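Chemist: final_36.tsv (TSV, C-alpha atoms) pasted underneath:
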chain	number	residue	atom	x	y	z
Z	4	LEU	CA	-15.23	15.33	-2.73
Z	5	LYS	CA	-14.61	13.59	-6.02
Z	6	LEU	CA	-15.12	9.84	-6.03
Z	7	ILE	CA	-11.97	7.88	-6.89
Z	8	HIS	CA	-11.74	4.12	-7.13
Z	9	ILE	CA	-8.19	2.96	-6.39
Z	10	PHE	CA	-6.93	-0.67	-6.84
Z	11	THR	CA	-3.38	-1.66	-5.63
Z	12	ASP	CA	-1.10	-4.64	-5.41
Z	13	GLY	CA	2.49	-5.32	-4.45
Z	14	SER	CA	4.65	-8.28	-5.58
Z	15	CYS	CA	8.13	-9.51	-4.77
Z	16	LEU	CA	10.25	-12.30	-6.37
Z	17	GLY	CA	11.80	-13.44	-3.03
Z	18	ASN	CA	12.07	-12.56	0.52
Z	19	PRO	CA	13.78	-10.29	0.06
Z	20	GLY	CA	14.12	-9.83	-3.67
Z	21	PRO	CA	13.20	-7.45	-6.51
Z	22	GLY	CA	9.75	-6.09	-6.06
Z	23	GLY	CA	7.12	-3.92	-7.51
Z	24	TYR	CA	3.74	-2.35	-7.15
Z	25	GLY	CA	0.82	-1.69	-9.45
Z	26	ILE	CA	-1.92	0.92	-9.07
Z	27	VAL	CA	-5.07	1.63	-11.19
Z	28	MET	CA	-7.15	4.66	-10.39
Z	29	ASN	CA	-10.52	5.41	-11.98
Z	30	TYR	CA	-12.23	8.79	-11.79
Z	31	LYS	CA	-15.41	9.17	-13.88
Z	32	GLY	CA	-14.59	7.95	-17.27
Z	33	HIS	CA	-10.82	8.26	-16.86
Z	34	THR	CA	-8.26	5.65	-15.79
Z	35	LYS	CA	-4.65	6.15	-14.73
Z	36	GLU	CA	-2.17	3.26	-14.25
Z	37	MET	CA	1.04	3.63	-12.10
Z	38	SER	CA	3.79	1.07	-11.29
Z	39	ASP	CA	7.39	1.05	-10.07
Z	40	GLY	CA	10.11	-1.47	-9.09
Z	41	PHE	CA	12.86	-1.78	-6.56
Z	42	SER	CA	15.98	-3.91	-6.54
Z	43	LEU	CA	15.71	-5.33	-3.05
Z	44	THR	CA	12.56	-5.29	-0.96
Z	45	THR	CA	9.76	-7.50	0.38
Z	46	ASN	CA	6.26	-8.31	-0.59
Z	47	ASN	CA	4.89	-6.55	2.56
Z	48	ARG	CA	6.73	-3.30	1.78
Z	49	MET	CA	5.35	-3.23	-1.81
Z	50	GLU	CA	1.80	-3.97	-0.49
Z	51	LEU	CA	2.07	-0.85	1.71
Z	52	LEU	CA	3.91	1.35	-0.75
Z	53	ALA	CA	1.16	0.94	-3.48
Z	54	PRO	CA	-1.61	2.72	-1.53
Z	55	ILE	CA	0.91	5.19	-0.15
Z	56	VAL	CA	1.93	6.27	-3.62
Z	57	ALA	CA	-1.65	6.31	-4.89
Z	58	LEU	CA	-2.88	8.42	-1.93
Z	59	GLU	CA	0.13	10.78	-1.96
Z	60	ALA	CA	-0.54	11.48	-5.67
Z	61	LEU	CA	-4.03	12.87	-5.01
Z	62	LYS	CA	-3.94	16.64	-5.12
Z	63	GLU	CA	-6.76	17.36	-2.72
Z	64	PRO	CA	-9.00	15.44	-0.19
Z	65	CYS	CA	-11.16	12.88	-1.91
Z	66	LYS	CA	-13.77	10.20	-1.23
Z	67	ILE	CA	-12.15	6.91	-2.13
Z	68	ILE	CA	-12.91	3.29	-2.46
Z	69	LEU	CA	-9.56	1.53	-2.23
Z	70	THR	CA	-9.23	-2.19	-2.93
Z	71	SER	CA	-6.15	-4.25	-2.18
Z	72	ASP	CA	-5.25	-7.81	-1.77
Z	73	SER	CA	-3.18	-7.47	1.46
Z	74	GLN	CA	-4.30	-8.85	4.78
Z	75	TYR	CA	-1.03	-7.46	6.24
Z	76	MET	CA	-2.07	-3.89	5.30
Z	77	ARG	CA	-5.59	-4.57	6.46
Z	78	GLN	CA	-4.37	-5.73	9.86
Z	79	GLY	CA	-2.46	-2.43	10.13
Z	80	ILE	CA	-5.39	-0.18	9.21
Z	81	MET	CA	-7.94	-2.05	11.34
Z	82	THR	CA	-5.93	-2.78	14.49
Z	83	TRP	CA	-2.15	-2.34	14.63
Z	84	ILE	CA	-1.67	1.40	13.78
Z	85	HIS	CA	-4.08	2.52	16.55
Z	86	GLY	CA	-2.16	0.59	19.17
Z	87	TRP	CA	1.18	1.62	17.71
Z	88	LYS	CA	0.42	5.30	17.99
Z	89	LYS	CA	-0.26	4.90	21.71
Z	90	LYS	CA	3.08	2.94	22.17
Z	91	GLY	CA	5.38	5.35	20.42
Z	92	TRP	CA	5.55	3.11	17.28
Z	93	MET	CA	7.45	0.51	19.27
Z	94	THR	CA	6.69	-3.18	19.58
Z	95	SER	CA	6.09	-4.93	22.90
Z	96	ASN	CA	9.83	-5.66	22.85
Z	97	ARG	CA	10.42	-1.87	23.06
Z	98	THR	CA	12.05	-1.60	19.65
Z	99	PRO	CA	10.79	0.22	16.52
Z	100	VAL	CA	7.94	-1.35	14.59
Z	101	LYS	CA	8.92	-3.19	11.37
Z	102	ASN	CA	8.38	-1.06	8.30
Z	103	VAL	CA	7.54	1.96	10.58
Z	104	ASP	CA	8.64	4.34	7.76
Z	105	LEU	CA	5.84	3.06	5.52
Z	106	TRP	CA	3.21	2.59	8.20
Z	107	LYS	CA	3.65	6.22	9.21
Z	108	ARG	CA	3.33	7.44	5.63
Z	109	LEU	CA	0.22	5.37	5.07
Z	110	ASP	CA	-1.42	6.62	8.24
Z	111	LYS	CA	-0.64	10.20	7.40
Z	112	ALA	CA	-1.87	10.07	3.84
Z	113	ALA	CA	-5.01	8.15	4.77
Z	114	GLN	CA	-6.05	10.85	7.30
Z	115	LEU	CA	-6.59	13.40	4.62
Z	116	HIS	CA	-9.37	11.50	2.78
Z	117	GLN	CA	-12.68	9.75	3.28
Z	118	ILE	CA	-11.79	6.17	2.63
Z	119	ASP	CA	-13.79	3.05	2.11
Z	120	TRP	CA	-11.14	0.18	2.36
Z	121	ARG	CA	-11.93	-3.07	0.52
Z	122	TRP	CA	-9.94	-6.34	0.58
Z	123	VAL	CA	-10.05	-8.84	-2.23
Z	124	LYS	CA	-11.83	-11.93	-1.08
Z	125	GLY	CA	-9.48	-14.54	-2.42
Z	126	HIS	CA	-9.78	-13.67	-5.27
Z	127	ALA	CA	-12.88	-12.35	-6.81
Z	128	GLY	CA	-11.71	-8.96	-7.49
Z	129	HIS	CA	-12.64	-6.52	-10.23
Z	130	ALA	CA	-10.60	-6.79	-13.46
Z	131	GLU	CA	-8.45	-3.87	-12.18
Z	132	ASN	CA	-7.01	-5.98	-9.36
Z	133	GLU	CA	-5.75	-8.36	-12.07
Z	134	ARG	CA	-4.30	-5.46	-13.90
Z	135	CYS	CA	-2.42	-4.33	-10.70
Z	136	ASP	CA	-0.91	-7.74	-10.25
Z	137	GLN	CA	0.23	-7.70	-13.81
Z	138	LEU	CA	1.80	-4.31	-13.48
Z	139	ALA	CA	3.45	-5.16	-10.13
Z	140	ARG	CA	4.90	-8.47	-11.37
Z	141	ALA	CA	6.11	-6.73	-14.57
Z	142	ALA	CA	8.01	-4.14	-12.65
Z	143	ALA	CA	9.51	-6.70	-10.27
Z	144	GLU	CA	10.68	-8.91	-13.19
Z	145	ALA	CA	12.32	-6.10	-15.16
Z	146	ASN	CA	15.59	-6.15	-13.18
Z	147	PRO	CA	14.67	-2.94	-11.34
Z	148	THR	CA	17.62	-0.85	-10.11
Z	149	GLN	CA	15.82	1.70	-7.99
Z	150	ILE	CA	16.85	1.37	-4.27
Z	151	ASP	CA	14.07	0.98	-1.58
Z	152	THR	CA	15.99	3.05	0.91
Z	153	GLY	CA	13.68	2.15	3.86
Z	154	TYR	CA	14.15	-1.68	3.44
Z	155	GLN	CA	16.35	-2.64	6.37
Z	156	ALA	CA	18.75	-5.67	6.40
Z	157	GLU	CA	17.68	-8.97	8.07
Z	158	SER	CA	14.26	-7.56	7.05
Could I get this structure in the form of structure tokens?
Modeler:
Amino acid sequence: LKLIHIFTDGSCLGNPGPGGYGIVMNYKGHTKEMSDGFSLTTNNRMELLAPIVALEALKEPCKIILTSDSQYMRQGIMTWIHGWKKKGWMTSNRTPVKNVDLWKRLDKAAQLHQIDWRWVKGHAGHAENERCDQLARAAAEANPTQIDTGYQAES
């Protein structure tokens, strides 16, 4: 297991509005930056999609230290997903969980690695967490045209 340090952030101008994510990944001496934007999404979707894309890009199972700023994602990984699996990914109203498409992808991709999740304590991150924010905000501000096809209306 190679050691990868991953840093992620999502940003959205609006709720909903154009959004983006930023990812920095460091492996030994190397660094890779990744970002993308969407025309209409939410901050919460971009906060999930960042680690999803980072984790889905890894070619084989790794040991990872992944740092994000999102207490929404954290809540998911530490308590909601486990309950959701037992309830058929439905809420207590017996309807599908919000952003279920992304939560399922995150859960699936996370299972393949050994992950040490870290959450930026408001906000004394590493420089890389700044760099994510910059990349995310850049991509959201650049009049992105790509469609987030899992963002649902009223959402």
Chemist: Name the residues within 12 Å of (16.3, -6.2, 6.8), counting only C-alpha atoms in the file's coordinates, and put them as an NGL selection string.
Modeler: :Z and (18-20 or 43-45 or 48 or 101-102 or 151-158)
Chemist: Go ahead and compute the interatomic distance for CA of residue 72 (chain Z) and CA of residue 147 (chain Z), in Å to one decimal.
Modeler: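 Those two atoms sit 22.6 Å apart.
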Chemist: One decimal, Å: what's the distance from CA of residue 141 (chain Z) over to CA of residue 17 (chain Z), could you say?
Modeler: 14.5 Å
Chemist: Please identify all polymer residues within 9 Å of residue 138 (chain Z), counting all atoms listed in the file, omitting same-chain residues fewer than 6 positions from it, and present them as a list in words.
Modeler: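 Those residues are residues 12, 23, 24, 25, 26, 36, 37, 38 and 39 of chain Z.
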Chemist: Within 8 Å of residue 75 (chain Z), counting all atoms listed in the file, which residues qualify if same-chain residues fewer than 3 places away don't, as a VMD selection string?
Modeler: chain Z and resid 47 78 to 79
Chemist: Atoms to include: C-alpha atoms. Write the selected residues as a short mmCIF file (atom, residue, chain, number, x, y, z; two decimals), in the coordinates of the input.
Modeler:
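For reference, part13.cif as written:
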data_model
loop_
_atom_site.label_atom_id
_atom_site.label_comp_id
_atom_site.auth_asym_id
_atom_site.auth_seq_id
_atom_site.Cartn_x
_atom_site.Cartn_y
_atom_site.Cartn_z
CA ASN Z 47 4.89 -6.55 2.56
CA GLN Z 78 -4.37 -5.73 9.86
CA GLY Z 79 -2.46 -2.43 10.13
#
Chemist: Given all atoms listed in the file as the basis, pick out the residue of Z:82, Z:117, Z:132, Z:137 nearest to residue 65 (chain Z).
Modeler: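 So, comparing all the options, the nearest one is Z:117.
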Chemist: Just the number, please: distance in Å from CA of residue 55 (chain Z) to CA of residue 109 (chain Z), one decimal.
Modeler: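 For CA of residue 55 (chain Z) relative to CA of residue 109 (chain Z), the distance reads 5.3 Å.
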Chemist: Pick from Z:103, Z:123, Z:53, Z:142: nearest to residue 70 (chain Z), with only C-alpha atoms counted?
Modeler: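 The answer is Z:123, which sits nearest to residue 70 (chain Z).
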Chemist: If I put a ball of radius 9 Å at (-11.5, 3.0, 1.1) in the file's coordinates, which residues poke into it when counting all atoms listed in the file, written as JSON, numbers by chain?
Modeler: {"Z": [8, 9, 66, 67, 68, 69, 70, 116, 117, 118, 119, 120, 121]}
Chemist: Could you tell me which of Z:15, Z:130, Z:81, Z:51 comes closest to residue 107 (chain Z) if we count all atoms listed in the file?
Modeler: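 The shortest atom-to-atom distance to residue 107 (chain Z) comes from Z:51.
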Chemist: Around region 124-138 of chain Z, with edges along x, y and z and 6 Å added on all six sides, what centre and edge lengths do you get, in Å to one decimal, as AutoDock Vina command-line options?
Modeler:
--center_x -5.5 --center_y -9.2 --center_z -7.5 --size_x 26.7 --size_y 22.7 --size_z 24.8
Chemist: From the list Z:50, Z:64, Z:134, Z:114, which residue is nearest residue 34 (chain Z) when using all atoms listed in the file?
Modeler: Z:134
Chemist: Of the candidates Z:143, Z:149, Z:85, Z:28, which one gets nearest to residue 60 (chain Z) if we count only C-alpha atoms?
Modeler: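 Selected residue with least distance to residue 60 (chain Z): Z:28.
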Chemist: Nearest to residue 59 (chain Z) among Z:31, Z:108, Z:77, Z:88, with distances taken over only C-alpha atoms: which residue is it?
Modeler: Z:108
Chemist: Mind filling out region 71-85 of chain Z with N, CA and C atoms and sending it as a JSON list (two decimals), keeping the file's coordinate frame?
Modeler:
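Saved the output as selection_27.json:
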[["chain", "number", "residue", "atom", "x", "y", "z"],
["Z", 71, "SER", "N", -7.46, -3.62, -2.19],
["Z", 71, "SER", "CA", -6.15, -4.25, -2.18],
["Z", 71, "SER", "C", -6.29, -5.70, -1.86],
["Z", 72, "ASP", "N", -5.24, -6.41, -2.09],
["Z", 72, "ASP", "CA", -5.25, -7.81, -1.77],
["Z", 72, "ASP", "C", -4.56, -8.20, -0.37],
["Z", 73, "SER", "N", -4.07, -7.23, 0.36],
["Z", 73, "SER", "CA", -3.18, -7.47, 1.46],
["Z", 73, "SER", "C", -3.79, -7.50, 2.80],
["Z", 74, "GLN", "N", -3.81, -8.69, 3.39],
["Z", 74, "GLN", "CA", -4.30, -8.85, 4.78],
["Z", 74, "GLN", "C", -3.34, -8.26, 5.79],
["Z", 75, "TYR", "N", -2.05, -8.18, 5.43],
["Z", 75, "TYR", "CA", -1.03, -7.46, 6.24],
["Z", 75, "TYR", "C", -1.42, -5.96, 6.34],
["Z", 76, "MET", "N", -1.65, -5.29, 5.23],
["Z", 76, "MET", "CA", -2.07, -3.89, 5.30],
["Z", 76, "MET", "C", -3.37, -3.71, 6.04],
["Z", 77, "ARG", "N", -4.30, -4.63, 5.79],
["Z", 77, "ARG", "CA", -5.59, -4.57, 6.46],
["Z", 77, "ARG", "C", -5.41, -4.62, 7.95],
["Z", 78, "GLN", "N", -4.62, -5.58, 8.39],
["Z", 78, "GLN", "CA", -4.37, -5.73, 9.86],
["Z", 78, "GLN", "C", -3.89, -4.39, 10.47],
["Z", 79, "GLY", "N", -2.98, -3.72, 9.75],
["Z", 79, "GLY", "CA", -2.46, -2.43, 10.13],
["Z", 79, "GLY", "C", -3.54, -1.36, 10.28],
["Z", 80, "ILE", "N", -4.34, -1.22, 9.21],
["Z", 80, "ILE", "CA", -5.39, -0.18, 9.21],
["Z", 80, "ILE", "C", -6.50, -0.45, 10.23],
["Z", 81, "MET", "N", -6.86, -1.68, 10.44],
["Z", 81, "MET", "CA", -7.94, -2.05, 11.34],
["Z", 81, "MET", "C", -7.53, -2.29, 12.79],
["Z", 82, "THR", "N", -6.28, -2.60, 13.08],
["Z", 82, "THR", "CA", -5.93, -2.78, 14.49],
["Z", 82, "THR", "C", -4.52, -2.35, 14.92],
["Z", 83, "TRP", "N", -3.49, -2.57, 14.11],
["Z", 83, "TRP", "CA", -2.15, -2.34, 14.63],
["Z", 83, "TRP", "C", -1.79, -0.85, 14.78],
["Z", 84, "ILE", "N", -2.08, -0.01, 13.78],
["Z", 84, "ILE", "CA", -1.67, 1.40, 13.78],
["Z", 84, "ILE", "C", -2.19, 2.12, 15.06],
["Z", 85, "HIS", "N", -3.45, 1.88, 15.40],
["Z", 85, "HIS", "CA", -4.08, 2.52, 16.55],
["Z", 85, "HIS", "C", -3.34, 2.20, 17.82]]
